[PDB]
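Here's the structure we're looking at; comments come further down.
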There are 2 protein chains.
Amino acid sequence: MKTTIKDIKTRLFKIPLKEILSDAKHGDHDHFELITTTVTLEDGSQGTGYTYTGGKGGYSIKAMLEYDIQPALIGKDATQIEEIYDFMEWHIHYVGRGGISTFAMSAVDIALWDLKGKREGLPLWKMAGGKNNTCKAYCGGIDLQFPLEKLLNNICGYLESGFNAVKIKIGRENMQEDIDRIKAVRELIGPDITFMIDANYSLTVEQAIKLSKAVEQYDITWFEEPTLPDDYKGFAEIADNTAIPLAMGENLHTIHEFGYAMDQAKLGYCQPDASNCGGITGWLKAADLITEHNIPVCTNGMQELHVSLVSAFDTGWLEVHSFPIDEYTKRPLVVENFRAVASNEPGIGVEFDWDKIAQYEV
Amino acid sequence: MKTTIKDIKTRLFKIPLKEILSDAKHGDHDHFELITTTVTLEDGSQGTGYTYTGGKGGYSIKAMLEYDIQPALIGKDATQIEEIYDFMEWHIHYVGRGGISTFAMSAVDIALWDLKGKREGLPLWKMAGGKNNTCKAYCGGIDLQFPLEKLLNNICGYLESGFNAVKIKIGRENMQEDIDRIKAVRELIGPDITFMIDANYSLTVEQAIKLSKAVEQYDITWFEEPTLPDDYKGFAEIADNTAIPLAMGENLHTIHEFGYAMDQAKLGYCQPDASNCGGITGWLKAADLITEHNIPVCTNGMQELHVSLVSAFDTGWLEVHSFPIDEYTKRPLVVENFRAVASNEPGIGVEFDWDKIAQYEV
Ligand SMILES: [Mg+2]
Ligand SMILES: [Mg+2]
Ligand SMILES: [Mg+2]
Ligand SMILES: [Mg+2]
């Protein structure tokens, strides 16, 4: 069959960051890992999807693909995306239900949509729902260990780089420092700029409430991952006692977790990550759910892929993440008039510059 | 420091089953995978823990250990088990929250308890709580594709092997066959034998209810994993409409999932698996919780390790699983008078016969 999967090829890349990036629970990053998956159909068509980590899991994700998943996909018909997706979910279920398994599925799934897009002459933002092809964008700096001086300069760079919204890390040991930095940033950017905060589940319910009430005076748009993402009730406890809307989702790997969030976590914003909730298939499944609850669909990481998905739903924000994955693709993020812009090129709209990253392959 | 971790060594084994084993969602098994982890302290002490899969994840789990976890543990003090455990949970959190990551942690954690047991001259059933050193045992046959004739013989083997309780797989396409096999087995074993059924999350809520009411007349002790383990409400829906107590837990990888189960799933029995909920540390954390809810603590798989843990809590059942891991250890499961018996040897009570399994290493 022309669209039968002839071969799958996965590569692992270790790409240095130009600077160390730091948050309260993931710690310090010196590089990130890039797992690419190329799928070849019998007629010769080629799709490439991918996933990333902040440095851990690369080999593990790749081992998964190469020994547990890719041998099962050869001979399957790549046009049956939902089916192949469902095949994987049960195929690796004993070692699945999120974790490494979802990253692996995501790389494969995104590959299939790259094939489908090319097969149908369609851009991802069209196949993903087409409501729009631009979206709101904010800068997410992974900047917890930065001196306040560095922090303000950095944010000044964002604003002058043509963005109009910023998110900073919180989660310092001395909560007073977080309050001080927040107030510092608000003073810098003025009243007309969307400001978010991200705690990276570093706080207790008590602490988050204590912190939230402390800074709500600086007009915070949302308060991301205040406590452990598994503590859905904790979120509801936090929300019931604070005014800043809560956000979460980057760490949810499963449509069921998204169900819990919507049903119990009292979120204002939700943040499915295609790289680790089952590619574009799983992402759409999550974004549908979130929309059925009338909650804006946003995304962290992977700006080059997620611009198509956020724009397609046209309700949420796109995080312009500090891992510069798009700088190693043939289309770094496009920003016109404060909005990120999806490609009209058929496929997922991401083509890696293999020559540039060849040097970082493992 | 004497108990500083000098080296960690992980091996992967592919061990053929003497026969194909089959259930409704994991499909057919021809082998299982065994991941051993040996930890060497500076004073020379050695502990070995492990994990298993039904064939998928081996390389992935091992990649995890070797590239993401073991390099972080060298130089740490092996006597700080809870600490090292907490270190891992956040270390691999972006790629964690269950999945491959928990298997990997489990192999490491169990290694540390093997060191601790040997360090303190204590058997695992003592360190794990000591309430008893024998426990109730039932045979879990992975037998879905067996002709009824085979099935009854097989079960007859169990009963004559000195067991007094049996669990069979259900989840055939024709639900009538499952009802027929269940009735068949009950007739065979008579009224004095504990009978469980395991559906391996192959059913819908409707189907499970339909099936449960159908067979409750044959005195079923529990009804394991009727539907997707993520659907905690589905469980409560099933339980609210049926009489056979529900069981679950083998597929829960996280203390939070166990919280959900207890708070929403309305279980009669709960089944933490040390091999994939964070070793003995994580297991104890789950068994405590389950006990605080006054629900019997049981275990699937890994009879040679779990006999110490079930006996220590003295409320639950031990599944004598069909992967014969213990046949490759220097102490195959001991059964006296229908009860499984834990070792009084210090450590976890499992020593692999390396010569025997050398031939299956990858
Ligand atoms: Mg975050
Ligand atoms: Mg993300
Ligand atoms: Mg089961
Ligand atoms: Mg198990």
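A, B, ... follow the sequence lines: proteins, then strands. Residue 1 opens every chain. Side chains included, hydrogens not; waters and symmetry mates left out as well; all remaining heavy atoms used.
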What option among [options] has the most heavy-atom pairs under 4.5 Å with chain A?
options                                : result
B:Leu228, B:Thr102, B:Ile255, B:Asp231 : B:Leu228
B:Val95, B:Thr53, B:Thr254             : B:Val95
B:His26, B:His91, B:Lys62, B:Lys233    : B:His91

So which bits of residues 272-279 of chain B come within less than 4.5 Å of chain A, counting non-hydrogen atoms only? B:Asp273, B:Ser275, B:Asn276
Is there any residue in residues 65-74 of chain B with a non-hydrogen atom under 4.5 Å from a non-hydrogen atom of chain A, and which ones are they? B:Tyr67, B:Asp68
Heavy-atom contact with chain B under 4.5 Å, split by part of A:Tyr59: both
Testing the basics here: between B:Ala63 and A:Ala63, what is the closest heavy-atom pair and its distance to 0.1 Å?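 For B:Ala63 and A:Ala63, the tightest heavy-atom pair comes out as CB-CB, 4.0 Å.
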From A:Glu250 atom CD to B:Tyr94 atom OH, the distance as rounded to the nearest 0.5 Å: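 Answer rounded to 0.5 Å: 5.0 Å.
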Taking side chain as everything from C-beta outward and backbone as N, CA, C, O, which of these in B:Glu89 sits under 4.5 Å from a heavy atom of chain A? Side chain, backbone, both or neither. neither
Residue pairs meeting salt bridge (charged side-chain N to carboxylate O under 4.0 Å, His left out), one or both in residues 254-264 of chain A, sequence neighbours left out, come to A:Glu257-B:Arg97
Per the salt bridge (charged side-chain N to carboxylate O under 4.0 Å, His left out) rule, what does the pair list look like for residues 21-36 of chain B, sequence neighbours excluded? B:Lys14-B:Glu33
Side chains of A:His93 and B:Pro229: closer than 4.5 Å at any heavy-atom pair? yes
